[PDB]
Amino acid sequence: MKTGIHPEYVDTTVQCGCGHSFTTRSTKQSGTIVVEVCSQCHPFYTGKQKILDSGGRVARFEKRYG
Amino acid sequence: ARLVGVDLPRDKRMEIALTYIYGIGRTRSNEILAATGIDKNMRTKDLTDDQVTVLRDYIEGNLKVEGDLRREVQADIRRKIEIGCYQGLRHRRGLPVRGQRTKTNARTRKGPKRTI
Amino acid sequence: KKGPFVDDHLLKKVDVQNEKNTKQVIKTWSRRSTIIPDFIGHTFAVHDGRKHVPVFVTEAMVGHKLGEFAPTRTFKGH
Amino acid sequence: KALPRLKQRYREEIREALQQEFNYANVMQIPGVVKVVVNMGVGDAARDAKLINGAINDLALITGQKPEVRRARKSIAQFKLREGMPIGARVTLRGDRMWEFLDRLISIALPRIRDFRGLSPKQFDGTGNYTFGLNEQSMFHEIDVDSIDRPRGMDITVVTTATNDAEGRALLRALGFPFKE
RNA sequence: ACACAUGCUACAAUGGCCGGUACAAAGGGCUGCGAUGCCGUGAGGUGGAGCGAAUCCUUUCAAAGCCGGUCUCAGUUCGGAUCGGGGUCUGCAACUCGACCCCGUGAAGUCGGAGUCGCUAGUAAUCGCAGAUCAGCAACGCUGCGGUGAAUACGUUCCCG
Ligand SMILES: [Mg+2]
Ligand SMILES: [Mg+2]
């Protein structure tokens, strides 16, 4: 690494909404970062819901009734 | 008062005040404010400093703070875009999402009535 | 608000049909609605003015009228 | 800490998992991440000389390094360019600076990829190297939403010593890289 | 997607939002207007005192304006077209095809150039009305039609008859 052409570095605590906490290095000088996703893949549930959201023939029938 | 970055009305029912956001509907705002305790009768001008803090803290549990919904929806769409589900390529090329009209109507999604 | 048009012309026919418990095509100019569950199990003849397209029936199908499936025109792109 | 959390968990969990799944019959033959490079793309050049500096600043505070700019290797007529003009930036990360970047990515940025629904596992080259493109910009919590002026997306790729594509696929699966089939 | 027309909605501080709030001028009702109250956020629904009527019904019956809270001069909280969906309405029939409230997406338009047009006394604007024509609604254009209330005036030289 060079002398000072890069930003500073300091410990960083990343706290999530559900209560989870991570510790890692970053560039934020505040030392604490609030995030909206914990160590759990909400992507999984989002995909599980939107794979069901699909469907056009079932919708046409569900509307048809006859 | 001010919020985390979204502008809200002053004397409109809390439901419509929070629904004015592009990503929150009327029923969504109602069911979100009910859990926090902000009845739909009280207005946005008579709120307390803690009523905004509790609202922000709750809209992170089930739903997402304004900036968080902004960092949800667009790349939600972008992921389901090709090679994802057919709805992706339906939304990309500006095509009826649920099979709306194409020529005679549905000009809202197709664009303005250009003077051609 | 599940009380829309009753479509008596088709209600009487499906009644006389379920009185015998058969599954046949109801030949009638019924292109109005099939809201009531009494229409389930039986088949009808859509009258959009030009022709008819048969379809199968079941129980989980509730929510539209009888003619709003495919318009009087056809969508093919080219 | 001495070693980042990502490397700490990798060196044992992912190593033993990869070994038990594809026993290479010799140590040091297990695929291990070599380097992760982020390429900030441009091409509006010849019309604005400030967006390049803006994108450099964007790559800054996202990667703890000084992004290096690439110059046009050849002038093009259709696309207005010129030999020697700065077109595009990149940042290469390796070691602890790569592990921290990757862990922060998988933990915030991917979740910050707006409502991340998954990624296509077909984005793999012939030698087990992954690549994925961030569309608009700033999928991290380091650049302010108000400071963000215009979308300047980029690409991020990870290169490892994987002989085949299945090796890199399994490595990323063991890692926090969710895939969708 | 248009050349055009008696020509709504609007373009905002002489404007908007909601909770509350007074007067009157003043048509019609036998296969119809339709109240206290219960059902709804809304088109509406089971029901019906009253009614050939200065009564009851459009409720004891609106608003501009009026005393309070606010936006602080902007494609916005004014503006509602279009759209997906709950649908309501009268109709055997609301799909190519009517009217309406509501959940959401939220467009031209920042008082419009050359030009053209109404108007001297309760006249043209700034808030209002509908019966029959319909079983059903385009009805915001019509046939009848209340209220508050100013501006100006050298003369027919000038365009038109
Ligand atoms: Mg979380
Ligand atoms: Mg008639």
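Placed from the backbone N, Cα and C atoms, the Cβ positions cover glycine too.
Record features, source Swiss-Prot:
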BINDING   A:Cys16, A:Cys18, A:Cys38, A:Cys41  Zn(2+) binding site
For the binding-site residues A:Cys16, A:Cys38, A:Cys41, which ones lie near chain B, with a CB less than 8 A from one of its CB atoms?
-> none
Against chain D, in sequence order - binding-site residues A:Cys16, A:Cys18, A:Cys41 with Cβ under 8 Å | A:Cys41
Other C-beta atoms within 10 angstroms of the C-beta of A:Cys16 (Zn(2+) binding site) total 20
Listed binding-site residues with Cβ under 6 Å from ligand 1, out of A:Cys16, A:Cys18, A:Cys38, A:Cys41 | A:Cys16, A:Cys18, A:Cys38
Would you count the other CB atoms within 10 A of the CB of A:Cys38 (Zn(2+) binding site), including those on all shown protein chains?
-> 18
With neighbours defined as other CB atoms within 10 A, the best-packed of the binding-site residues A:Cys18, A:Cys41 is A:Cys41
